[PDB]
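In full-length UniProt numbering, each number is its position in the sequence shown, counted from 1, plus 7.
Virtual Cβ for every residue (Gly too), placed ideally from N, Cα, C.
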Amino acid sequence: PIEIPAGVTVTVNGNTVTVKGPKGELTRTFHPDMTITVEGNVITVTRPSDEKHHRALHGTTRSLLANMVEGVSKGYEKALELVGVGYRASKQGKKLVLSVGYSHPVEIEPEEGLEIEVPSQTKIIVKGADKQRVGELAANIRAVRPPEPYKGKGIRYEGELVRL
């Protein structure tokens with residue numbers, strides 16, 4: 008079973024599961040053949056048979072739930088860094104404002120369930136409960152102005168190896 012940490016509320020309705028927590032809320036549907044139940048303090052997954060496809064479905068369903076529980080409790084994040092003189096980021100409302108060498112700034116507003124933090128003018132942190140959506144928004148930010156080959160200016164992931 009999956010342990011429901013504190014602060015986390017799990018709701019099951021047929022094949023749709025909703026998990027809420029301090030870091031966010033996520034709703035997910037699972038394979039019909041799988042039975043999901045909140046057994047007091049733990050989430051249990053019961054497969055219909057012992058054939059292989061079910062055994063595989065069972066472990067796959069279990070993992071997804073575990074990660075849904077990890078996301079709203081612990082949350083996920085991806086950091087990016089700005090490299091280049093005059094290149095800076097700031098937070099104006101829910102919006103990320105980027106000054107990356109164009110005539111005017113680029114403003115990005117995260118969708119629902121996503122946050123963007125700017126702890127220093129050259130560091131951007133994207134966070135949320137869905138690891139995928141976090142990965143996707145950070146790739147979209149970097150894509151505004153990826154690192155150029157001669158000097159490495161642009162936006163790069165925090166540990167991005169971009170040798171000039």
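Distance between residue j and residue i (C-alpha atoms, nearest Å)
i: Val141; j: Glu77; result: 14 Å
i: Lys102; j: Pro39; result: 39 Å
i: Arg163; j: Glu118; result: 21 Å
i: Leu33; j: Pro8; result: 19 Å
i: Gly21; j: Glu46; result: 15 Å
i: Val113; j: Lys30; result: 27 Å
i: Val17; j: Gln139; result: 21 Å
i: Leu168; j: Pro154; result: 10 Å
i: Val107; j: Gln128; result: 12 Å
i: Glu58; j: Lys27; result: 33 Å
i: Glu116; j: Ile123; result: 9 Å
i: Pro12; j: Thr51; result: 14 Å
i: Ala63; j: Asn147; result: 33 Å
i: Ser70; j: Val19; result: 16 Å
i: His111; j: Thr25; result: 41 Å
Residue i - partner residues in DSSP beta bridges
i: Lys134; result: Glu84 and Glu122
i: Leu64; result: DSSP output for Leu64 lists no bridge partner at all.
i: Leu33; result: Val26
i: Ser97; result: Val104
Contact check, residue i vs residue j, beta carbons under 8 Å
i: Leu121; j: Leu89; result: no
i: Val79; j: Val15; result: yes
i: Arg170; j: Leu87; result: no
i: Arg54; j: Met41; result: yes
i: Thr36; j: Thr23; result: yes
i: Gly93; j: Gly135; result: no
i: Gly91; j: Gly166; result: no
i: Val125; j: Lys98; result: yes
Buried or exposed (CB count within 10 angstroms, at least 16 for buried), residue i
i: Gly100; result: exposed
i: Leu105; result: buried
i: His60; result: exposed
i: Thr68; result: buried
i: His65; result: buried
i: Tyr157; result: exposed
i: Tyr109; result: exposed
i: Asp137; result: buried
i: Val49; result: exposed
i: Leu72; result: buried
CB-CB length for residue i against residue j, believed under 8 Å
i: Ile131; j: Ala96; result: 5 Å
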